[PDB]
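Protein chains in written order, with full-length UniProt numbering: chain A, 3264 to 3567; chain B, 3264 to 3567. First the structure, in the form of structure tokens, and then the observations on it.
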Ligand SMILES: Cc1ccncc1NC(=O)Cc1cncc(C#N)c1
Ligand SMILES: Cc1ccncc1NC(=O)Cc1cncc(C#N)c1
């Protein structure tokens, strides 16, 4: 009973957080095995950030310039290398708290938990979605760079995001763990356009199924629709086009509730065209798109 | 930039979760030092739950009937005792992962993180408020009993809640770590009235300050009010009466933003009487009451 914006337990990730300092800049690093991963802009001063030449800036640095501290233990840096926008610092000690892990590049619309950190210390954990425009609407202040996003399948942590930047609009941008930015962003203090965003349609439908499962059913109606008709409404309201792949992933929820996907699409169509009429769904007065169908199944079945 | 419903990092609590089985009932326990804490209804069968005599049911049980398993390690039970609605199982081994901790009874309106667990395994973490009527609107399924709520001040975990029950209405009830229920609830399978709930006024005002800090300011107006006038509006909309103690706790946010508390109360008054007019505040289409003034300061300053 109940449905919350649940994050993964952050314990396995907490054991990986370290502080990385280079010159006068300090941010967060991720220590897995004998490598520490962090944003390459750790090597920049504020003046460098306007237009950095990272290859030139990294040439001035030596292994001993990167100060890595895990709690109180200082790590010895024996190698450094830049891969895209991340720095990989080889340390002489493998992290004893390294969980089973993978590096994955998530798709837009997918969700993950963020462990917000400052000076290598965890401050909070929250769940969020990678927007269709490759930005994340997080909660990050100066010092949070290097904080990571992840998903967990039983004992395996799939790291999918490392925080790098706050755009002038207050939204966030970052990379996968190979340092490739999600979206068109560059690690530079320059105004940068984030594309037109849309609402994650399959996630909204998944959340409508979670609402039915939890007893919120006032929005179910006597109507149905087609993928074509629904998609004309989705286009009008800046929703992602629904495909048969999305319908296929909604199958378990359709089967559990007995509500065909296109019937749920007709409920969503009516909510888009008429609003919520001052009513709420799972404690929200708007249509929630930060729960994937997988998240809804996991939370509604109690997967650990 | 940004403002999220952030939970505490759950790592220190994950290291305390164990599975407790007694007969055919299995639920979660909290292992701190050489004691395992769990709901006393672990000793009940489904038939006992209709009207349990816990003292009689516990008399039939011996130390060897309580199966406690931490991951794969089995703990040896050398004592058992009931304190209010919790069972305290003395084990022969102190939990090596016991963090610095306290047991605290929180006040209604205060917030905390819940680490939802099943079979002694963490599944997710979320932030919630203890409602003024002493219920929590969580996300809990069968097997989640014994999952705990907590707050963390640097290295100290203050455990404040243990989950016991889902009311017929889908809302949740539980105890402090001494087994005393929050609210009028009893650990019995009987319909039980949760009082009239109200919205946590000081938390809504705190969240309005967080909105101003993050750039959402469309709701600020040219008006002010008095505590008396505001409280007449609060009574009309089922909001908690605002006191000078609440105004006092909002002082840091008033100082940071330069918006006097009573001026923010006038903005809240106008939003209550007129609604949001299809607009949003920090990504919400309703007035959020699950952030205390302390949470807003902590999140807006990056406390670890
Ligand atoms: C103040 C703050 C808050 C949250 N997240 C991030 C920040 N600050 C920054 O973005 C600093 C920065 C500047 N220019 C480019 C990059 C990159 N890549 C990073
Ligand atoms: C099914 C479920 C889901 C979430 N939380 C809890 C439950 N189930 C229960 O409450 C089981 C129970 C029954 N009667 C009294 C108590 C107490 N105290 C507990």
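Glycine included, every Cβ here is placed at the ideal spot set by N, Cα and C.
Contact test: residue i Cβ vs ligand 1 heavy atom, cutoff 8 Å
{"i": "residue 3264 of chain B", "result": "yes"}
{"i": "residue 3397 of chain A", "result": "no"}
{"i": "residue 3345 of chain A", "result": "no"}
{"i": "residue 3273 of chain B", "result": "no"}
{"i": "residue 3451 of chain A", "result": "yes"}
{"i": "residue 3551 of chain B", "result": "no"}
{"i": "residue 3304 of chain B", "result": "no"}
{"i": "residue 3473 of chain B", "result": "no"}
{"i": "residue 3436 of chain A", "result": "yes"}
{"i": "residue 3407 of chain A", "result": "yes"}
{"i": "residue 3348 of chain A", "result": "yes"}
{"i": "residue 3280 of chain B", "result": "no"}
{"i": "residue 3527 of chain A", "result": "no"}
Any non-hydrogen atom of ligand 2 within 8 Å of residue i CB
{"i": "residue 3403 of chain B", "result": "yes"}
{"i": "residue 3448 of chain B", "result": "yes"}
{"i": "residue 3384 of chain B", "result": "no"}
{"i": "residue 3425 of chain B", "result": "no"}
{"i": "residue 3269 of chain A", "result": "no"}
{"i": "residue 3421 of chain B", "result": "no"}
{"i": "residue 3312 of chain B", "result": "yes"}
Counted within 10 angstroms of its Cβ, other Cβ atoms place residue i as buried (16 or more) or exposed
{"i": "residue 3447 of chain A", "result": "exposed"}
{"i": "residue 3387 of chain A", "result": "buried"}
{"i": "residue 3449 of chain B", "result": "exposed"}
{"i": "residue 3399 of chain A", "result": "buried"}
{"i": "residue 3518 of chain A", "result": "exposed"}
{"i": "residue 3513 of chain A", "result": "buried"}
{"i": "residue 3306 of chain A", "result": "buried"}
{"i": "residue 3274 of chain B", "result": "buried"}
{"i": "residue 3370 of chain B", "result": "exposed"}
{"i": "residue 3454 of chain A", "result": "exposed"}
{"i": "residue 3415 of chain A", "result": "buried"}
{"i": "residue 3364 of chain A", "result": "buried"}
{"i": "residue 3293 of chain A", "result": "buried"}
{"i": "residue 3310 of chain A", "result": "exposed"}
{"i": "residue 3617 of chain B", "result": "In this structure chain B extends from 3264 to 3567, so residue 3617 of chain B is not present and cannot be described."}
{"i": "residue 3437 of chain B", "result": "buried"}
{"i": "residue 3536 of chain B", "result": "exposed"}
{"i": "residue 3349 of chain A", "result": "buried"}
{"i": "residue 3481 of chain A", "result": "exposed"}
{"i": "residue 3277 of chain A", "result": "buried"}
Proximal chain B residues relative to residue i, where beta-carbon distance stays under 8 Å
{"i": "residue 3446 of chain A", "result": "Those within 8 Å of residue 3446 of chain A in chain B number zero; the least Cβ separation is about 17 Å."}
{"i": "residue 3403 of chain A", "result": "3264 and 3265"}
{"i": "residue 3388 of chain A", "result": "3269, 3270, 3271, 3272, 3273 and 3388"}
{"i": "residue 3332 of chain A", "result": "Within chain B, no residue comes near residue 3332 of chain A; the closest Cβ sits about 14 Å away, beyond 8 Å."}
{"i": "residue 3477 of chain A", "result": "3433"}
{"i": "residue 3406 of chain A", "result": "3565"}
Contacts of residue i in chain A (Cβ-Cβ under 8 Å)
{"i": "residue 3384 of chain B", "result": "3567"}
Partners in chain A for residue i, counting only beta-carbon separations shorter than 9 Å
{"i": "residue 3543 of chain B", "result": "3548 and 3549"}
{"i": "residue 3521 of chain B", "result": "Within 9 Å Cβ-Cβ: nothing; residue 3521 of chain B doesn't reach chain A, min ~20 Å."}
Residues that residue i contacts on chain A, provided the C-beta gap is smaller than 7 Å
{"i": "residue 3363 of chain B", "result": "Under the 7 Å cutoff, chain A gives no residues; its nearest Cβ is about 15 Å from residue 3363 of chain B."}
{"i": "residue 3381 of chain B", "result": "3565 and 3567"}
{"i": "residue 3282 of chain B", "result": "By Cβ distance, chain A contributes nothing, its closest Cβ being about 11 Å from residue 3282 of chain B, past 7 Å."}
Partners in chain B for residue i, counting only beta-carbon separations shorter than 9 Å
{"i": "residue 3532 of chain A", "result": "Result: empty, since nearest Cβ-Cβ is about 19 Å, beyond 9 Å."}
{"i": "residue 3429 of chain A", "result": "3264 and 3265"}
{"i": "residue 3400 of chain A", "result": "3265, 3267 and 3546"}
Under 7 Å by beta carbon: chain B residues contacting residue i
{"i": "residue 3378 of chain A", "result": "3272"}
{"i": "residue 3277 of chain A", "result": "3272 and 3274"}
{"i": "residue 3373 of chain A", "result": "The premise fails here: residue 3373 of chain A is roughly 17 Å from chain B at the closest Cβ pair, so nothing lies under 7 Å."}
Near ligand 4: residue i beta-carbon under 8 Å from a heavy atom
{"i": "residue 3429 of chain B", "result": "Absence of ligand 4 from the depicted structure is noted, with ligand 1 and ligand 2 being the only ligands included."}
Curious, which full-length alpha helix (DSSP H) runs of at least 4 residues does the segment 3382 to 3461 of chain A contain?
none
Contacting positions in the segment 3491 to 3511 of chain A - beta carbon closer than 9 Å to chain E: Here chain E cannot be found, since the structure's protein chains are A and B.
Worksheet item: In the segment 3525 to 3565 of chain A, which residue ranges form an unbroken alpha helix (DSSP H) of at least 4 residues, counting only runs that do not cross its ends?
Response: Counting only runs that start and end inside the segment 3525 to 3565 of chain A, the alpha helix (DSSP H) elements of at least 4 residues fall at 3556 to 3564.
Check: What runs of the alpha helix (DSSP H), each 4 residues or longer, lie entirely inside the segment 3460 to 3512 of chain B?
Finding: 3464 to 3476, 3490 to 3499 and 3507 to 3512
Going residue by residue through the segment 3357 to 3384 of chain A, where are the continuous alpha helix (DSSP H) segments of at least 4 residues, counting only ones entirely within it? none
Requested in this report: Tell me the start and end of each unbroken beta strand (DSSP E) in the segment 3300 to 3363 of chain A that is at least 3 residues and wholly inside, in chain order.
Outcome: 3329 to 3333, 3336 to 3338, 3340 to 3346 and 3349 to 3354
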